[PDB]
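Following: one structure in structure tokens, then a few remarks.
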Amino acid sequence: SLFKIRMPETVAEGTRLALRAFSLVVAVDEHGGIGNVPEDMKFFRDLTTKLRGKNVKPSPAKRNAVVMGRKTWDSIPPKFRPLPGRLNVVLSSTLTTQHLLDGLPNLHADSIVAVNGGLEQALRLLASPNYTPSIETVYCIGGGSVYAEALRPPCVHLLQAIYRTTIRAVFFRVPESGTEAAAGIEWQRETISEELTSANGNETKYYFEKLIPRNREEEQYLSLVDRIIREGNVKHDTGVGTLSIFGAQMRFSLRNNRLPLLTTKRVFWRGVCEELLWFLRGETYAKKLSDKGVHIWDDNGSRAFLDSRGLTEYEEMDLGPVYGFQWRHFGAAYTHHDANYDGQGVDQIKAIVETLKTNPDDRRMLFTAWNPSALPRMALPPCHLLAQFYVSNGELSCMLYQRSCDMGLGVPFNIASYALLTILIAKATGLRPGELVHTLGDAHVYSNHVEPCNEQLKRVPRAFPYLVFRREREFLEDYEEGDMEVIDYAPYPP
Amino acid sequence: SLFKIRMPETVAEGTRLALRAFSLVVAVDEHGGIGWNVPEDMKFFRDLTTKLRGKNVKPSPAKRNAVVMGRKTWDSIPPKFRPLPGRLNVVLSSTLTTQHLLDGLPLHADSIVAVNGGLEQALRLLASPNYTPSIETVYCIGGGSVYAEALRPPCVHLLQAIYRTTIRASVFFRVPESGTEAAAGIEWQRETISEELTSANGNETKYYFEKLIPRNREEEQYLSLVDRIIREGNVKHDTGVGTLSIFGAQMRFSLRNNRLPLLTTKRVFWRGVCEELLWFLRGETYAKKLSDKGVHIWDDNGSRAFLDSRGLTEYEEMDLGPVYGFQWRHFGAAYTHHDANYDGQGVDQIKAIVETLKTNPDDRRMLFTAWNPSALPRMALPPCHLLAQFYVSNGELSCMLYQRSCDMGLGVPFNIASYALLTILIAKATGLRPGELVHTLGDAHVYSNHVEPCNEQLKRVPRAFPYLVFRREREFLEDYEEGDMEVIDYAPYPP
Ligand SMILES: NC(=O)c1ccc[n+]([C@@H]2O[C@H](COP(=O)([O-])OP(=O)(O)OC[C@H]3O[C@@H](n4cnc5c(N)ncnc54)[C@H](OP(=O)(O)O)[C@@H]3O)[C@@H](O)[C@H]2O)c1
Ligand SMILES: NC(=O)c1ccc[n+]([C@@H]2O[C@H](COP(=O)([O-])OP(=O)(O)OC[C@H]3O[C@@H](n4cnc5c(N)ncnc54)[C@H](OP(=O)(O)O)[C@@H]3O)[C@@H](O)[C@H]2O)c1
Ligand SMILES: Nc1nc2c(c(=O)[nH]1)N[C@@H](CNc1ccc(C(=O)N[C@@H](CCC(=O)O)C(=O)O)cc1)CN2
Ligand SMILES: Nc1nc2c(c(=O)[nH]1)N[C@@H](CNc1ccc(C(=O)N[C@@H](CCC(=O)O)C(=O)O)cc1)CN2
Ligand SMILES: O=c1ccn([C@H]2C[C@H](O)[C@@H](COP(=O)(O)O)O2)c(=O)[nH]1
Ligand SMILES: O=c1ccn([C@H]2C[C@H](O)[C@@H](COP(=O)(O)O)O2)c(=O)[nH]1
């Protein structure tokens, strides 16, 4: 219909996943050389086989993948060939899938694939819809030529984690920080075990490490939470205490499918996405969200809360002309939720989408919910209250201004919410997703969240996950939470 | 008038200047000792302390400099030169009254004043309405005990420049070193240092000059961004006009203890800043009110041809429609023409925030905006500084501005000064002291043609900011005028 935003033909193009991300698992000697420790084989099997979910039996619907060179495949004892419970992807210029099957002594057909190519070719195959998102983690298991390719671009930028066992008994060398070979990645240890002793009868000495690429973007957030606790002003309102500072700014890359969902505490993505779509549709009835099991508006849509605003005539969960209402119908007269507001008010989102397509250098491509005429008719004044877009080199960037920032729960939710908005607007306009800039006004931690924030500040952030689209829609307003999926999200535990 | 904002009777309090700023002039030996016969150094001293900065006009009681000196330095000045001529002479003494100093002369009663106290007491005097703004620069000329007071808090935070002459020829002049406790957070750096010079004194004495200034990290933030836009911004051309740009940035400026962040590496048109800001706060929309004060910044956007190009064929010339201040004091009101009676129409966001600040300063919704999509097409030009939010802590008011399009050459310094002035005014309206300005930038750009003079500006090391004082006050916020306030100690570099 005429009021919706039609997606262009290029809709899938700038979000298509080029290479699937992966982790590396390697054992080396004390000099880093890669040429019988059962505890290491126990760790290898568990780390490469188990899914992150509670009690999930690996199957073609949901399992890990192991990627290896043809010589590593040859050297697996035939008892464990193919590695059971994993997809086995084997790199070879010589051997087809059929030849690998012919080397066994039909059970295994869905679990073995040959790739005539290197690790990059294997990551390109694993990014296709038959394997993403069904493969949960891709593990690269060598050998030396495959590790070399994993540790240089373009593959190295998709390496989430390196699991290295060192055993006191061609070198595996992680690029050093600041060096050309590192390509701007700063490798750091998340964990390193004590020196351990094998029960193998030889008293073999070994230790494990897990390295991860330093995530300076989530570090920004961490630094700000640490500063608010160490130096923020205490205020009490009802008497709820907060610690606060005023004025800050963070930036996050959305390029090549990255999604900045924080890793040091899990973000409720399903909630982020349902809510953002609800904003984009211009919705105002919060029951639409609570009926999908997203309860973030229940406190502010209650009879009691609405009455406390003077909104006595609103039905329960009708929030008035909040948010998406102003995005799609700024200044329209509001009566009740779900009336026909087609063509009323200013549709700021449609207008920006049209400008992005025809004049992407325009400096007025902004939208707002802060409408002081409508403020008193809203359950709450918007907190994320405007955003502005910018284009460079065919990439779309967005800056968000947020007046009141709960660092514990609101801010990580809003980062994700605006990352997703930017990605969707780039898909609507022929552009690739660029950077998200988040400006913060009053940035606060509730005083009862101080000890848990301190516990969270103990954690070293991990690589962010990625966003892919399983399918597309003819109109921007018809997107659904099931159309897209977050892959490679590995947050720390609660 | 019921629609205006009445100033509280604390209006003058949070803005009264406590101590007047000053600069220091000293001669030392190669060891830093202060104990000479170098006529070029006397000439320097005489010219620096006597001359005014604009027109080289005769100093008089309406406009001159001051010299501040301890009693023994006064005793040491040769009677041909006592008191110094063309300067107000301020003498620190627990023992000598002004009359006792007059008695020790062999016309001068308005040019000599004794202060029973130290440098801090002299700077409090010099801050009073009889001496600020009429004294253009205050110079501290020693001796040891007065220099030691100049170089520690509280006086050192008011020290704008140290002019040291060193001469190859007891007590030591030592400027606190960077990062030390004695430095109190200030980083002294050389703006200039001469080559080694030889005196025409009969002895070929060797000497040289330095001028030291307190590093101004706030203005450096701006210059760093200008440098980054030129070295790394994206080139774009619009009608063919070129810019270099980046997206998303943020700067912060202290407004504390009368400081005013008017940039020093290129002079800002303060009078135009002030006139326009007051014009916004009154809710005005006629640009002729400004061009009739010689502030022409809206002339291009208010022309007949320009209005016609936006479709605004029924608006008389210079009527901008419901821009800026009109949304600040009348958000959402229907606009007909400039100067109609809009009282009580639309939302008065400035009034509302003033009442919230007085009663619930912790509120997190004290924001105003001019970005009104319904009214955008009636405006001559959508606002560029479009919203601001206030925050209070420790009795201090801070403000953050959001600006969508940021011309770093001319616009940005102008709007830093604009929102610094707004914040100071709103603090005076609400019983608060001015705190900090936070400036958030969207599309931040340098026009292609300004690259070379921006690069000439980046050669300059920023100097300490000036200060804002209020000569008088008003009953209503809307009645303030540019002549009610004065910028003092502004010493920008040349064009
Ligand atoms: N400590 C450890 O964790 C560790 C690590 C690595 C290796 N190892 C040991 O070393 C041995 C593995 O040897 P390796 O490291 O020499 O070899 P590998 O890397 O496992 O296998 C190399 C083979 O992989 C295929 N391959 C690699 N890149 C390719 C590309 N771009 N295109 C097509 N095919 C490609 C080629 O097979 P085709 O010849 O069929 O084309 C190549 O000969 C094993 O016996 C193992 O025990 C141990
Ligand atoms: N090369 C140079 O630049 C340079 C620099 C400094 C000095 N000098 C020379 O060194 C001599 C200066 O002597 P100095 O440095 O020992 O003296 P000074 O600082 O010039 O004078 C000290 C006198 O100032 C008054 N004073 C200072 N602080 C005071 C306070 N808090 N309250 C009240 N009164 C205060 C007192 O006068 P009462 O005794 O009347 O109470 C005190 O005795 C002169 O001969 C001068 O020409 C040269
Ligand atoms: N960290 C770790 N990483 C590694 C190796 C290691 O040595 N340890 N060695 C290389 C991989 N080589 C093999 C060899 C044999 C098997 C194998 O056969 N594994 C069975 C378990 C067999 C068993 O329990 O002994 C499995 O089910 O995973 C797996 C990888 C590269 N990466
Ligand atoms: N840099 C510089 N700074 C200084 C001194 C200096 O030594 N040079 N010396 C101390 C000031 N002492 C004096 C002593 C005498 C005079 C004096 O008499 N000046 C006449 C000019 C005299 C002349 O031209 O011969 C005048 O009108 O300024 C000025 C400062 C502290 N500051
Ligand atoms: O998207 C949002 C909305 C709200 N908040 C937080 C900010 C405040 O701590 C609180 C709302 O209180 P006020 O700012 O409205 O008073 O919720 C967020 O973090 N994110
Ligand atoms: O307060 C203001 C108003 C305007 N501009 C500059 C920004 C742009 O260079 C130009 C406005 O052009 P658009 O952004 O509206 O296209 O003027 C400023 O820097 N500050």
Side-chain angles (χ1 to χ4, degrees), chain A residues 24-29 32-35 37-49 64 66-78 80-86 88 90-96 99-100 114-122 139-150 162-167 169-172 206 208-209 359 361-365, chain B residues 238-239 241 243 245 273 276 280 297-298 300-301 324 381-386 401 403-416 418-419 441-447 450:
Chain A
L24 197 157
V25 186
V26 61
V28 289
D29 56 17
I34 86 186
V37 180
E39 297 79 1
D40 185 45
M41 284 278 145
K42 190 188 143 49
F43 172 80
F44 178 98
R45 172 200 331 118
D46 289 348
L47 170 80
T48 58
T49 314
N64 301 328
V66 280
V67 180
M68 72 191 86
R70 187 269 294 162
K71 300 169 175 179
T72 297
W73 168 259
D74 286 347
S75 83
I76 300 160
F80 310 100
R81 210 195 306 222
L83 298 169
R86 290 153 282 186
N88 292 226
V90 177
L91 307 183
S92 172
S93 71
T94 63
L95 298 188
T96 60
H99 192 295
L100 298 164
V115 172
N116 184 7
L119 176 62
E120 182 181 343
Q121 286 68 36
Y139 288 98
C140 166
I141 66 161
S145 73
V146 192
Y147 293 139
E149 190 176 357
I162 294 162
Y163 296 92
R164 171 178 57 204
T165 303
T166 298
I167 294 160
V170 188
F171 300 91
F172 179 93
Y206 68 103
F208 297 108
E209 280 169 283
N359 185 19
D361 294 334
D362 190 92
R363 298 186 200 106
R364 299 156 187 194
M365 287 183 293
Chain B
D238 68 17
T239 88
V241 167
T243 49
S245 60
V273 174
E276 182 197 48
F280 296 143
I297 66 188
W298 283 95
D300 293 346
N301 300 112
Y324 275 122
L381 299 154
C384 91
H385 54 268
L386 49 94
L401 160 65
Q403 189 170 338
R404 66 167 176 89
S405 176
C406 304
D407 164 28
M408 301 288 290
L410 271 144
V412 169
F414 195 95
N415 298 140
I416 293 157
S418 193
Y419 279 86
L441 298 81
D443 186 331
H445 52 260
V446 172
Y447 279 89
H450 295 327

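Side chains are part of it too, since the values below use all heavy atoms of this structure and drop only hydrogens, waters and symmetry mates. Each chain gets a letter, A, B and so on, in the order the sequences are listed, and its residues count up from 1. Atoms within each ligand, like the ligands themselves, are counted from 1 in listed order.
- Ligand 6 lies nowhere less than 4.0 angstrom from a heavy atom belonging to B:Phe414.
- Protein heavy atoms are absent from the space less than 4.0 angstrom from atom 42 (C) of ligand 1.
- At a heavy-atom distance under 4.0 Å, only side-chain atoms of A:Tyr147, from C-beta outward, approach ligand 1.
- Heavy-atom proximity to A:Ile76, at under 4.0 Å, picks out these atoms of ligand 3: 18 (O).
- Here the heavy atom of the protein found nearest to atom 29 (C) of ligand 1 is A:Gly117 O, 3.9 Å.
- Proximity to A:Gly69 (heavy-atom distance under 4.0 Å) selects the following atoms of ligand 1: 18 (P), 20 (O), 21 (O), 24 (O).
- Within the 3.5 Å criterion, the main-chain N or O of A:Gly143 finds a donor-acceptor partner in the side chain of A:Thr72.
- The environment of B:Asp238 atom CG is dense: over 12 non-hydrogen atoms of other residues, nucleotides or ligands sit within 6.0 angstrom.
- Scanning the protein heavy atoms around atom 37 (O) of ligand 1, the nearest turns out to be A:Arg70 CB, 3.5 Å.
- Assignment of A:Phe172 to the shell around ligand 1 is not supported, since no heavy atom sits closer than 4.0 Å.
- Between A:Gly144 and ligand 1, at least one N/O pair is under 3.5 Å apart.
- Listed by number with element, the atoms of ligand 6 under 4.0 Å from a non-hydrogen atom of A:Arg364 are 15 (O).
- Listed by number with element, the atoms of ligand 3 under 4.0 angstrom from any heavy atom of A:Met41 are 6 (C), 7 (O).
- Near A:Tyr147, with a cut-off below 4.0 Å to any heavy atom, the atoms of ligand 3 are 31 (C), 32 (N).
- Every atom of ligand 1 with a heavy atom of A:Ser92 under 4.0 Å away is listed here by number and element: 33 (C), 34 (N), 37 (O), 38 (P), 40 (O), 41 (O).
- Of all the atoms in ligand 3, the ones that sit under 4.0 Å from a non-hydrogen atom of A:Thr165 are 1 (N).
- Ring pair B:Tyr324/B:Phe280 is tilted by interplanar angle, where 30° to 60° counts as tilted.
- For ligand 1, the atoms closer than 4.0 angstrom to any heavy atom of A:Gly143 are 6 (C), 7 (C), 15 (O), 18 (P), 19 (O), 20 (O).
- A:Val90 has its side chain out of reach of A:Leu95: every pair of non-hydrogen atoms, C-beta onward, lies at least 4.5 Å apart.
- Considering each of A:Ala169, A:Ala27, A:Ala148, the one bringing a non-hydrogen atom nearest atom 3 (O) of ligand 1 is A:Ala27.
- Which of A:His99, A:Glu149, A:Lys71 comes nearest to atom 17 (O) of ligand 1 through a heavy atom is settled by distance: it is A:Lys71.
- There is no protein heavy atom closer than 4.0 angstrom to atom 17 (O) of ligand 6.
- For the pair A:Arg164 and A:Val26, the minimum side-chain heavy-atom distance is below 4.5 Å.
- Ligand 1 is never approached by A:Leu95 to a heavy-atom distance shorter than 4.0 Å.
- Of all the atoms in ligand 3, the ones that sit under 4.0 Å from a non-hydrogen atom of A:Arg86 are 26 (C), 27 (O), 28 (O).
- Checked by distance only, ligand 1 and A:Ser93 come closer than 3.5 Å through their nitrogen or oxygen atoms.
- When the heavy atoms of A:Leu83, A:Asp40, A:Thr49 are ranked by distance to atom 2 (C) of ligand 3, first place goes to A:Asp40.
- Remark: ligand 1 and A:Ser145 share an N or O pair separated by less than 3.5 Å (distance only, no angle test).
- Residue A:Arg45 places at least one N or O, backbone or side chain, under 3.5 Å from an N or O of ligand 3.
- The shortest side-chain heavy-atom distance between A:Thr48 and A:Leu83 does not fall under the 4.5 Å cut-off.
- Protein heavy atom closest to atom 36 (C) of ligand 1, with residue, atom name and distance, is A:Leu91 O, 4.2 Å.
- Checked against a 3.5 angstrom limit, the closest N/O atoms of A:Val28 and ligand 1 fall outside it.
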Test side chain to side chain contact (heavy atoms under 4.5 Å, CB included) applied to A:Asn88 and A:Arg81, step by step: CA-CA 9 Å; A:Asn88 292 226; A:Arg81 210 195 306 222; over 6 Å; no
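- Less than 4.0 angstrom separates some heavy atom of A:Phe80 from each of these atoms of ligand 3: 18 (O), 20 (C), 22 (C), 23 (C).
- Distance OG1/A:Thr49 to OH/A:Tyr139: 9.5 Å, rounded to 0.5 Å.
- Using a 4.0 Å cut-off between heavy atoms, B:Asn415 contacts ligand 6 through its side chain alone, with no backbone atom that close.
- Protein heavy atom at the shortest distance from atom 47 (O) of ligand 1 is A:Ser75 OG, 4.0 Å.
- Against a heavy-atom cut-off of under 4.0 Å, A:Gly118 is close to the following atoms of ligand 1: 30 (C), 31 (N), 32 (N).
- Residue contacts with ligand 6 leave out B:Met408, since none of its heavy atoms falls under 4.0 Å from the ligand.
- Listed by number with element, the atoms of ligand 3 under 4.0 Å from a non-hydrogen atom of A:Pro77 are 15 (C), 18 (O).
- A donor-acceptor pair under 3.5 Å links the side-chain atoms of A:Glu149 to the main chain of A:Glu120, judged by distance alone.
- A 4.5 Å side-chain heavy-atom check between A:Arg363 and B:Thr243 finds at least one atom pair inside the cut-off.
- Distance screen at 4.0 Å: atom 12 (C) of ligand 1 has a protein heavy-atom neighbour inside the cut-off.
- Ligand 3 has no nitrogen or oxygen under 3.5 angstrom from a nitrogen or oxygen of A:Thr72.
- Nearest to atom 9 (C) of ligand 1 among the protein's heavy atoms is A:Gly35 C, 4.2 Å.
- Between A:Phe208 and A:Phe43, the ring planes are tilted. Angles from 30° to 60° get that label.
- Residue A:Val25 has at least one nitrogen or oxygen atom sitting less than 3.5 Å from a nitrogen or oxygen atom of ligand 3, judged on distance alone.
- For ligand 1, the atoms closer than 4.0 angstrom to any heavy atom of A:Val146 are 19 (O).
- For ligand 1, one of its N or O atoms has an N or O atom of A:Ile34 under 3.5 Å away.
- Which of A:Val26, A:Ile141, A:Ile167 comes nearest to atom 10 (C) of ligand 3 through a heavy atom is settled by distance: it is A:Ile141.
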